[PDB]
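Chemist: Sequence, then structure. It's an experimental one.
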Amino acid sequence: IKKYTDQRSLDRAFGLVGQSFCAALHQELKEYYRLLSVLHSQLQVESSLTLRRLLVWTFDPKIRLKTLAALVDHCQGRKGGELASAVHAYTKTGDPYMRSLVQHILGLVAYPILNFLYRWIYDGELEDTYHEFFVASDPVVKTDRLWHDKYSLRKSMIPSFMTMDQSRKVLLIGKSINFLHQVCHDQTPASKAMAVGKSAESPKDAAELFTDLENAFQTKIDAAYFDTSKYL
Amino acid sequence: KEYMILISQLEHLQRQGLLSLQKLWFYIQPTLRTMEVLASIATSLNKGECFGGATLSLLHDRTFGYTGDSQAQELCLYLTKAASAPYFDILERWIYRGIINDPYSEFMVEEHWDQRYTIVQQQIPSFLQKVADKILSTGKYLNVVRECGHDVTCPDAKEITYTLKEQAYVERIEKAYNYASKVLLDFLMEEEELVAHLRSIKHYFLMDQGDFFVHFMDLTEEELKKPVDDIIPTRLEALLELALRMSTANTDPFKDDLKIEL
């Protein structure tokens, strides 16, 4: 984990998700050290100092850090998209001991991913540097619209919590939101309430709903896909 | 202040001193995180040497890159919000009067008859040049009404941009300079009469009512045979004003603005 933090040092390079995964890896590194400080308070004078009792005080971190060694053995690279297919393969295992811990990572590996998504539904100002989302926004030179697909979805980095029909769905909203910018209108679709919703969602996520809402996240974007279409 | 206050709290446990090289090691890996991001912003600022809006666009780029770690995102947001609340206050203090003050040229727009506010390519806001062109032309229209008198106020009582919504705030900046156009279009239609000025010039300047000019064309056939002498252009203005009122002009202060080329 120390060498993973040594390789973490980037500006923010080949992925927004990659050092977000190591940020949580610094949070679960952090939890190991509070368990070291309660051991040093045992050592001096202020229990008996045998190994057989600290063995079972390290046996409870032994279920903690060993399943973090499986999380670091999956990914050598730091590119996002394939990180979202890594933690979703770890939450398909049962046993909510580390499944709660990989759901911590699933809610945070996704958090750069869906932060690409709902703003591109709401305002549509492209903010990619190394295409951390599966929709690489504007990799082709700007041309007049002949219904040409500039936003490809790139199967090699699809998240496993986003299925095949929702991957084509967010392209269909993201292609229409750019077509209403060059319509001599800068108006976000049909209301200023499409700004309101994004702010509500971001505070709600900040204090509440830490686990991803992949069943309910696809509902109100469909209740966004229908209103941006009829206004257009 | 938050960094130095944890170090003093565990020193209360140092008088009961049993704390470890490991209990300390856990608390320093979160606070190496806080310091390494702060160092890597500082290292970029030594290589950069930026100021003003050029710093604002660098900090806007760090809100993009530091995503994936929640708490590295929260400070890079807060550093951008603490750099923009000075800057967009210098924006708003240019919108209500046109007070351009430069301690070290924080804002882009420098003071120039000239109409030379010329944004700068040195700096750019948190958004692209489209909002810089939008706020430049805002300062151009508010300075036109300021030339008449000191009467305009920003439509809100307080202008805030230090909020997560920012693209809906440059769109309430664009509905503001549209209103500044409307009160300039007001000032055209009330006192100035732009439409009557363009009516009195243009098609009359091609030639609209030739009865003003065929009276003057009677007096281009007696005089205009040779180039002008020293006593000739005194007569030509006397003949323009003679041809004014023989053909009954309807508004005399719109037709005394005609002068005569040598």
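Modeler: Right, received. Where do you want to start? Residues are numbered from 1 along each chain as shown, chains lettered A, B, ... in the order given.

Chemist: Which parts of the stretch 151-262 of chain B are helices?
Modeler: Under the criterion DSSP state H, counting those that start in this stretch, helices of the stretch 151-262 of chain B are mapped to B:171-187, B:194-206, B:211-217, B:232-245.

Chemist: Give me the helices and strands touching the last one, please.
Modeler: The criterion is 3 or more CB pairs under 8 Å, 6 or more residues apart in numbering or on different chains; DSSP states H and E, and the helices and strands that helix B:232-245 contacts are helix B:211-217. Bear in mind the C-beta positions are built from the backbone N, C-alpha and C, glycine included.

Chemist: Let me have the helices of the stretch 151-262 of chain B in CSV, extended by mean neighbour count.
Modeler: CSV is the format used below for these (neighbours: other CB atoms under 10 Å in any protein chain shown):
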stretch, mean neighbour count
helix B:171-187, 15
helix B:194-206, 12
helix B:211-217, 15
helix B:232-245, 14
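
Chemist: In chain A, which helix is the longest?
Modeler: Longest helix of chain A, by residue count under DSSP state H: helix A:18-43.

Chemist: Can you pull up the most central residue in chain B?
Modeler: In chain B, the residue lying closest to the centroid (CA atoms, centre = their mean) is residue B:136, at 2.3 Å.

Chemist: Leaving out chain neighbours, which residue sits closest to that one?
Modeler: residue B:119 (5.1 Å; CB to CB, 6 or more residues apart in numbering or on different chains).

Chemist: Got the phi and psi for that neighbour?
Modeler: Main-chain torsions, residue B:119, degrees, to the nearest 10: phi -40, psi -80.

Chemist: I'd like to know how far it sits from residue A:4.
Modeler: The gap separating residue B:119 from residue A:4 is 45 Å, by CB to CB, to the nearest Å.

Chemist: got it, and residue B:215?
Modeler: 95 Å.

Chemist: And residue A:46, by the same measure?
Modeler: The spacing between residue A:46 and residue A:4, counted by CB to CB, is 36 Å.

Chemist: who has more neighbours, those two?
Modeler: A direct count of neighbours by other CB atoms under 10 Å in any protein chain shown for residue A:46 and residue A:4 places residue A:4 higher, at 16 against 10.

Chemist: secondary structure element for that one?
Modeler: Residue A:4 belongs to helix A:2-6 when elements are defined using DSSP states H and E.

Chemist: Just the C-alpha atoms of the helix or strand encompassing the residue nearest to the centre of chain B, please, in CSV.
Modeler: Residue B:136 belongs to helix B:129-148 when assigned by DSSP H and E. Output of helix B:129-148 as CSV, limited to C-alpha atoms (Å, rounded to 0.1, in the frame of the first residue of the first chain):
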residue,chain,number,x,y,z
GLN,B,129,-13.7,33.7,-23.6
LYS,B,130,-17.5,33.8,-24.4
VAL,B,131,-18.3,35.1,-20.9
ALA,B,132,-15.3,37.5,-21.1
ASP,B,133,-16.7,39.0,-24.2
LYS,B,134,-20.1,39.1,-22.5
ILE,B,135,-18.8,41.0,-19.5
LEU,B,136,-16.6,43.3,-21.7
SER,B,137,-19.6,44.5,-23.6
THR,B,138,-21.4,44.9,-20.3
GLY,B,139,-18.8,47.5,-19.2
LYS,B,140,-19.1,49.2,-22.6
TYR,B,141,-22.8,49.8,-22.4
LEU,B,142,-22.8,50.9,-18.7
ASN,B,143,-20.0,53.4,-19.5
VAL,B,144,-22.2,54.9,-22.3
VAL,B,145,-25.0,55.6,-19.8
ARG,B,146,-22.4,56.8,-17.3
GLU,B,147,-21.3,59.4,-19.8
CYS,B,148,-24.8,60.9,-19.5
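
Chemist: so how far is the host helix or strand of residue A:199 from its chain's centroid?
Modeler: Under the criterion DSSP H and E, the helix or strand holding residue A:199 is helix A:193-207. Taking CA atoms, centre = their mean, to the nearest Å, the mean C-alpha location of helix A:193-207 is offset from the chain mean by 17 Å.

Chemist: Show me what that helix is in contact with.
Modeler: The contact list for helix A:193-207 (CB atoms under 8 Å, 6 or more residues apart in numbering or on different chains) reads A:111, A:118-119, A:121-123, A:188, A:220, A:224, B:164-165, B:168.

Chemist: Kind regards, and thank you for your time.
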